[PDB]
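So the sequences go chain by chain: A and B. Numbering (PDB author numbering) for the first sequence: 12 to 123, 127 to 455, 475 to 569, 573 to 602, 605 to 631. Numbering (PDB author numbering) for the second sequence: 12 to 455, 471 to 632. Cβ coordinates follow ideal geometry from the N, Cα and C atoms, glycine included. Comments concern the structure below.
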Amino acid sequence: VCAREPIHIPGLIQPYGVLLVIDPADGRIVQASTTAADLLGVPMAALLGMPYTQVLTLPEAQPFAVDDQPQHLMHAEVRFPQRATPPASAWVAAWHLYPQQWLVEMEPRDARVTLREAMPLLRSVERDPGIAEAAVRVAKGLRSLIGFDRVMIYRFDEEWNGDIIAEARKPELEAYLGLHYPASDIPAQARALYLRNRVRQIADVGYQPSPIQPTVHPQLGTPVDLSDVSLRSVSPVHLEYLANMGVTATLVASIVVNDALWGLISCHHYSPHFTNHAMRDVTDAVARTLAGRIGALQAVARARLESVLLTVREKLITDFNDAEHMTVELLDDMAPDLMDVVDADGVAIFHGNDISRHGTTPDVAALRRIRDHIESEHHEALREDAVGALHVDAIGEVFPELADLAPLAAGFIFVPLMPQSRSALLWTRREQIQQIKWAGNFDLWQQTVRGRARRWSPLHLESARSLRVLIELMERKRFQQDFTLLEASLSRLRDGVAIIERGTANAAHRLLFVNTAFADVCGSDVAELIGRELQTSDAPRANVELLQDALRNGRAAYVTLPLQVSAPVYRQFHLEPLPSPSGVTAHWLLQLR
Amino acid sequence: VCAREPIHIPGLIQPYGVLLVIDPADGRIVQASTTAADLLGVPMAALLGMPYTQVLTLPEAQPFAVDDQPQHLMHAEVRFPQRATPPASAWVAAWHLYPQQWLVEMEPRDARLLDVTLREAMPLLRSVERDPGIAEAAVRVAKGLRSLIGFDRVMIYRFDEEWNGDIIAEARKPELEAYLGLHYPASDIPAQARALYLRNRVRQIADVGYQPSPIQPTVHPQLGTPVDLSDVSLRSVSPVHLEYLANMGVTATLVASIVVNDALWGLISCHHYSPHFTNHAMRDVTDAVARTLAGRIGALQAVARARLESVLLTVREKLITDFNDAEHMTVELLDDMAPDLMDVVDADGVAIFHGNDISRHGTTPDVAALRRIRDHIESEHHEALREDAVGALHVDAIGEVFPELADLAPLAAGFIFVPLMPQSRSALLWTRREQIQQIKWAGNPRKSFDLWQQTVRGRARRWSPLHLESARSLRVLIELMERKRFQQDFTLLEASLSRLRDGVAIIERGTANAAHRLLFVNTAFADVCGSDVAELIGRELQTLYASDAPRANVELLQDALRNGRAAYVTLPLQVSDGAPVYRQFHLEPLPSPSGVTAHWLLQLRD
Ligand SMILES: */C=C/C1=C(C)C(=O)N/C1=C\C1=NC(=C\c2[nH]c(/C=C3\NC(=O)C(C=C)=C3C)c(C)c2CCC(=O)O)/C(CCC(=O)O)=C1C
Ligand SMILES: *C=CC1=C(C)C(=O)N/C1=C\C1=NC(=C\c2[nH]c(/C=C3\NC(=O)C(C=C)=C3C)c(C)c2CCC(=O)O)/C(CCC(=O)O)=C1C
Ligand SMILES: [Cl-]
C-alpha cells in the first residue's frame, strides 16, 4: 500500500516557503498554503478569492496564459506590497503555468562566486576517463561546493536497486560506500518525480507542514498536483526513515542519462540545511554534466566492443563456410572465437547425438540434460516469449530442476529457438559469486549470492542472435553432404531407378533423377534424360491405362511394358508414390529390374 | 608542408595580454612575452630570472606544485606592484600548472556581462536541454549565442565522415550573405588544428593582423625546449589562417568545440567584421552553451540509434519466423515478405535470387539488368572486392566500383549483395536508386565570395552502418533457403531409397577406435535381417553376419573395409530364430573428393 502512495497530491507544503494557486481566468487566489497568510499582508479568509496583483508584486517576469504545454518561470524577485515591512529576508518566486491553473511557489533568496566556482569542476569531469573517476570527482567537488556532511552517488541497477558507487563525507561517520539498497526503498511513483523535477530538497526533516487551506479546487473539485512544486511535502514514511537515520537535511539531484533515470546524487546533512535555488541550479549543472559523461563513456564503450565483436563474428562466418568437412580440429580452432563473440566461459556445439564441448563447461551427459529440458514442451512458453535466442542469468531460477550444474552453467545462451534439433549451440557462463553489502536486510549484512553468472550484455546477446546463420549453415552443409551420398548410392545401383516429378497436370510427368543402370537400359545417358517426359501405341492400351490411371490419381502400379531399343526390351514398371507432407502424391519411385 | 605546421609552439602571443613561464622549483620567471615588460613595470632584462612573487599581487588564488595531471586555475584578479597606477582597466590572470613549468596568462577584465550573463544564459541552456532533434538545438544555440554576445556571425559547423564541414545553423546581421548550407573541405581544418580544438575547447582572436609578442627566451633556459601553449588562450594562430580571415573581411574569432562522445563532432564558429576581445566571463558562457549543445546532440543521437535498432530487429525477426514457417516459397510469400525485406535495410528495391529465378520488388532494374550486376559481382576479377568486404558487399556509387556497370545507376546506384562467397543458387540484392547531390562549396590563397554548386550524379544515399548490420543479420535467410532446398531433395532420395526392393544399406567408414557403422538402411534390407530400420541405424556392420561365418569369407569383406576397397562375398546372416539365411554381400566404395573411401554401398542378393 506504501509503494502505491500518491505523494504528488499531499495537500501540504514545506514551511520554508509559500504556495498559491491562481485561477488564470480572473487572476484570483483560489487555494493557499497556511504560510501564505503570514508572508503576505492579509490573513487567510480575505487572501482567498483575492487577485494575486493585490498581494504580491514581481518586477522581473510575470505569469501568462498557456495553451496546451505547461510553462515554467524560474525563481525571480517577489515583493509583498500588502504589509508595513514584511521582508525578514529576500524572497524569490517561481511559476508553473498550466492551461487551467497557475502555481506560484516562493521561498527566501539567501544565496552566499557559485556558477563560476563550479565551472572548473564541470570542465574536470567533462574530460576524465571512466564513470568511477567522474563519480568520485563529482562527490568530492559537490561536497566542497554545496557543503553537505554526506554526498553520495547512488547507481540504479537493472531491477532498480541502488548501489553507492561514490561517496564524500565528513572525516567522522561510517562510509555507506559500497552499500546496496532495494528497489522497494524508492517506489516507481517517486522515481518518476525525480525524472520530472530534477533537484529535490528536504530543508529540515520533521518540519511542521503547511496545508493548502482549500484542500480541493473550489470550482474544479480536485487536489493540487504538486508534481513540479519544490515545496511538495514528502512522504511521512521516508521522513521517519531519515529521522531514524539521524539525517535532518536532504538534497537529491537526478542523474538522467539518455532521458532515463541512471541514478541519483544523494546529499545528507545531520543538521537542518536549506539549499537555495541558485545553489540547487549549480547541483543540477553538475548532475547533468556527470550524466553527460556517463553516457559519453557508455557510447565510446559500446562503439569499441561492437566493432571487435563484428571482426570476430565475421572470421567465424568465413572459417565455417570455407571448411567442407566439420572436423574435431576445425571446431577446436573455432571454439575460442565462438566463445569470445559472446564472452562465454564455455560452448557446446550439438550435431544430433554428438557434442563438441569447449572451455569451462558441464559434462556431456549434463549438457544433454540442459538441452533436453529447454527443448521440452513444458518450457515451450519460454522459447516463444524469447527473442532471437534463449538466455538465462541464473539457470536455477528459470529451470528449477536444473538448479545444480550452475557452478559451470549458471548462465547460458541457446540457439536455435525452434525444437528444430540436429544442429544447436549452447554458450555457457559459470557461476560468479556476488558479495553484496546491504543497509540491514545496528550492523552490516553481506549476502553471498550463488547460482548466478555475469549478466548477458544486450550487445553479446545480439552477437549471439547474429550467429543463427552458423546453425542453418551446418544444417545446409549436412543435408547437402547426405544428399550427394544418397545420390551416389542410388546411381551405383543395379536395379534401374528414376524419380518422377508429377506435372501439376499442366506439365507432363517428367524424370527428376535417373540412375546409371536405368539410363543404360534406355540407351541414352543421364544428362540427356533429366527433364524428359515419362510417356516413352506399340505398348498395349490395357497396360499403359493401368500406369496412366496410377499417375492420374497419384497411386501405385506394377505393369510390364516394352521400352525403346537402339529385342524391343520389356520391363516390369514398378511405380510407387513417395510420401508427401500434404498427403497428395507429388513424386513417384520408378524401378524395374 | 602547411598541413603539418606545429602551431602549438609558435613562440608568440596575442598582444591583448601577457604570458609568463615560471620555474616551480624556486618561483622565478624563466621566459616572458615582450608585452610583460610594459605592464609588469620592470623591463625584460631584469624581469627575467626574477621571482613571480615580486610582481605577484594575486589575492584570490595562488599557483601550486602538481604531481602528474596538469591543473588549471581560472581567471582571477592580479595586480602589478612595481608601478604607481599601472593600468586604465582591471587585469585578470589564469594558471596552467604543469609538473615541470607554470604558465600564467593575464589579460583585461572588461566584462559588461559577468555572472549576470551566466544567469542570463541559463534559460537558453534550459531551452536546448529540452529541444527535440539536433537541427532545432543547433539553430537555437546560434540565435541564442548571437543575442548573448553581439557577434556579427554565429554558425554551427558540422564535421562529416570525411572531416569536411557543413554550416547547419547560422545567426547573422540582417546584411552579409548567409554561409548557411555551405560545404568546406577537410583540408581547410588540418588534423593537428582539429586536435587542439579537442584540447583547448574555447578559442578566440581579439583582432586579426595583431603585432605578435614573442617569448623573449625562445626556448627554456634549463630544459632546452619551446613553450607548448596548447592551453594558453593568448597563443598565436597560423599566419595561413590569419590571411584567410583577413581575405574574408573578418577581424575577430571565437570558436567553441562541439565534442560528442569524446570526438570532435563540430564547431561553434563566431566571426566579427571589426575587432572584438571576448573576456574571461564571456568565454565561460560560450563554453557552457558548447557543453550543453554537445550534450543534447549525443543524447538525441543515442535515443535515436536505440529506437531504430529495435524496430529493425522487430521486423528482421518477423522475416526470420515467416521464412522458417513457410515450407514452399510461393510468389505471394515473397510478395508479402518484400516490403519488410526492403524496409530492414531502407532499400528502394530488392531482388531475391533462387538459381535462374529472380523475384524483383520495389524500384529495381529489369531482370536481365539484375543478372548483369550479379554475374559481374560473382566474377573472378572482382574476387578481391568480396574478400576485403565485411559481412556483405555494398556500394554507394556502382559506377565507381564497377565501371562497366556505370549505367543502371538511376535504379541501382547503391546496393547490398549477399552471400559474399560465389556460393550461388540463393542470393539477395538490395538496391538504392541514384539521388543527385547539390553541394554548395565556398569556392573551387582562395578568394571564396563566389560559390560553386557541385551536382554529383550516379550515387545513392550512404548505407547506414545500422542498416548494413541489419543486412549482415539476414545472411541467415540465404542458408535457410539453401538448407530448405537440400533437405527437400535429401528427403526425396531418402524416400526413394527406403521404398526399394533390392535391400540397400550405406556404411560409414570408422577409424582405429571406431567401427564401420550403418548410416542408412532401407526396409527391404532391415526385413531380411529381421529387426526394423530405427533399431538398425548406427549398428556396427560386423553385427549383421553370423559369428559362425567362414574365416575365409569374412576376411575378404574385412580386407575391403581395412583398405577402403570393394568386395562381393556370400555370408550367413545373424539369424535370431534359427533358419540359415545366406546373401551375397555387395560392398562397393562410394566416390570421395580426396579419393580415400569414407562410405560404402551395401547391396544384398544371393
Ligand atoms: C593550411 C591549409 C588551410 C587552408 C587552405 C585554409 O583555408 N585554412 C587552413 C588552415 C587552418 N585553418 C585553421 C583554423 C580555422 N579554420 C576554420 C575554418 C572555417 N571557419 C569558418 O568560419 C568557415 C566557413 C564559414 C570555415 C570553412 C575556423 C573557424 C578556424 C579557427 C579560427 C576561426 O575561428 O575562424 C587552422 C588552425 C589555426 C590555429 O588556431 O593555429 C589552420 C592551420
Ligand atoms: C515505502 C517504501 C519506502 C521505504 C521502505 C523507505 O525506506 N522509503 C520508502 C519510500 C520513499 N523513499 C523516497 C526517497 C528516498 N529514499 C532514499 C534512500 C536512501 N538514500 C540514501 O542516501 C541511502 C543510503 C545512504 C538510502 C538507502 C533516497 C536518497 C531518497 C530521495 C530523498 C533522499 O535524498 O533521501 C520517497 C520519495 C519521497 C517524496 O518525495 O515523497 C519515498 C516515497
Ligand atoms: Cl498538472
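- For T517(B), the uninterrupted alpha helix (DSSP H) run begins and ends at 501-524, by DSSP.
- With respect to the C-alpha of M293(B), the residue from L381(B), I145(B), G161(B), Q312(B) having the closest C-alpha is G161(B).
- For the 8 Å CB-CB criterion, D333(A) and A310(B) do not form a contact.
- The C-beta distance from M166(A) to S280(A) rounds to 5 Å, short enough to fall under 8 Å.
- With 16 or more other Cβ atoms from the protein chains shown falling within 10 Å of its own Cβ, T262(B) counts as buried.
- No heavy atom of ligand 1 is found nearer than 7 Å to the CB of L156(B).
- Using a Cβ-Cβ distance cut-off of 8 Å, the stretch 138-145 of chain B and the stretch 136-147 of chain A are not in contact, since fewer than three pairs of beta carbons, one from each stretch, lie closer than that value.
- Among the residues facing chain A, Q629(B) is included, as its CB has a counterpart in that chain under 8 Å away.
- The distance from the Cβ of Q42(B) to that of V248(B) is about 20 Å, inconsistent with a contact at the 8 Å cut-off.
- Distance from the CA atom of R15(A) to the CA atom of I200(A), rounded to whole angstroms, is 11 Å.
- For the pair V89(A) and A104(A), the Cα-to-Cα distance works out to about 6 Å.
- The three-state reading of DSSP puts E391(B) in coil, since its state is none of H, G, I, E or B.
- Here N290(B) is buried: its Cβ has 16 or more other Cβ atoms, across all protein chains shown, within 10 Å.
- Residue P119(A) holds the alpha-carbon nearest to the alpha-carbon of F288(A) among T303(A), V270(A), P119(A).
- Within the chosen limit of 7 Å, ligand 1 reaches the beta carbon of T264(B) through at least one heavy atom.
- One thing to note: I40(B) has its Cβ no nearer than 8 Å to the Cβ of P223(B).
- Bridge partners of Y168(B) according to DSSP: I178(B), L278(B).
- For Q610(B), the nearest beta carbon of chain A is not closer than 8 Å to its own beta carbon.
- At a cut-off of 8 Å between beta carbons, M340(B) makes no contact with chain A.
- Nearest CB-CB separation between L136(A) and chain B: below the 8 Å threshold.
- When only Cα atoms are considered, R212(A) and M85(A) end up about 14 Å apart.
- Here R527(A) is exposed, its C-beta having fewer than 16 other C-beta atoms within 10 Å.
- Minimum Cα-Cα distance from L506(B) among the listed residues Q446(B), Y168(B), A438(B), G556(B) corresponds to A438(B).
- For ligand 3, no non-hydrogen atom lies closer than 7 Å to the CB of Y221(A).
- The Cβ of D177(B) sits no closer than 8 Å to any Cβ of chain A.
- With a contact defined as Cβ atoms closer than 8 Å, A305(A) and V271(A) qualify at about 5 Å.
- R39(A): member of the beta strand (DSSP E) spanning 39-43, first to last residue.
- With its beta carbon less than 8 Å from one in chain B, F516(A) belongs to the interface.
- A distance criterion of 7 Å places the beta-carbon of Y190(A) beyond contact range of ligand 3, judged by its closest non-hydrogen atom.
- If you check the C-beta of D34(A) against ligand 3, you find no heavy atom less than 7 Å away.
- Taking every residue with its beta carbon within less than 7 Å of a heavy atom belonging to ligand 3 gives, in chain order, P81(A), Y109(A), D239(A), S241(A).
- Annotated three-state conformation of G155(B) is helix, per DSSP.
- At a cut-off of 8 Å between C-beta atoms, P433(A) does not count as an interface residue with respect to chain B.
- Closer than 8 Å to the CB of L587(B) there is not a single CB belonging to chain A.
- Here the alpha carbon of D78(B) sits roughly 6 Å from the alpha carbon of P110(B).
- The way I'd put it, the stretch 487-507 of chain B doesn't touch the stretch 563-576 of chain B; fewer than three beta-carbon pairs between them come closer than 8 Å.
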